[PDB]
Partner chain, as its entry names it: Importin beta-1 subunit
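The chain below stands alone and is given in structure tokens; this is the form solved without the partner chain.
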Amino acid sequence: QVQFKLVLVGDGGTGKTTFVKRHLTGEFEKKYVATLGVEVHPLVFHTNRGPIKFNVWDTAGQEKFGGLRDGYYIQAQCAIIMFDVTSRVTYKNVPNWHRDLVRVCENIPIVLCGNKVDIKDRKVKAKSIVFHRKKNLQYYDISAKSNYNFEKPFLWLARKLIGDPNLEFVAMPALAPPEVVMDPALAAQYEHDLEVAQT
């Protein structure tokens, strides 16, 4: 089976667990790891070159005691660093999560995700999101609760992991029905703000 360990890191409360739980089978088939304080979610996606499985390591909350232990990271093949777009301090900590990540795994492909963009009073805007630009990463706005851009980080990762740019997902995974509707107005504005920042 084509399988990658994906570690999901970032400040406590950014919505890392809410995000991974959108993938319904991934939540139903998760495996708790005694030693490590971790739940590992098998997120399978179906691409035009066959199935791929992201084994997502979600923390049990230990990041809310200080940077989790070293074994959580080892043998990761890819990563998502999350922050919260309504809390600047979580954005300020990205370089730290990245430092730890690169300290234990080297140059694994890494997607940066700004979460909770369904929330109207957004604090960390496209213009201020520059970290991915310097450290060679991919950035996406997401809203875990509305499934907004859910597939994007995993499509970009699959593209990088497999070595292929035209790779598509042939079918969407079954996702938790949205708990908020992502405001189409807000989506358009954000997409416009990103395109502008990027030029």
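Positions refer to the first chain, counted from 1. We call the rigid core whatever largest set of C-alpha positions still superposes within 1.5 Å between the two forms.
Not on display, but discussed next: the form deposited with the partner chain bound.
Fit the rigid core and compare the CA positions between the shown form and the other one: of 38, 142, 43, 158, just 38 moves by 2 angstroms or more. The Cα position of residue 55 differs by less than 2 Å between the shown form and the other one after fitting on the rigid core.
If you compare C-alpha positions, residue 52 and residue 33 are 3 angstroms or more farther apart in the bound PDB entry than in the form on display. Note: residue 19-residue 31 Cα separation is 3 Å or more shorter in the bound PDB entry than here.
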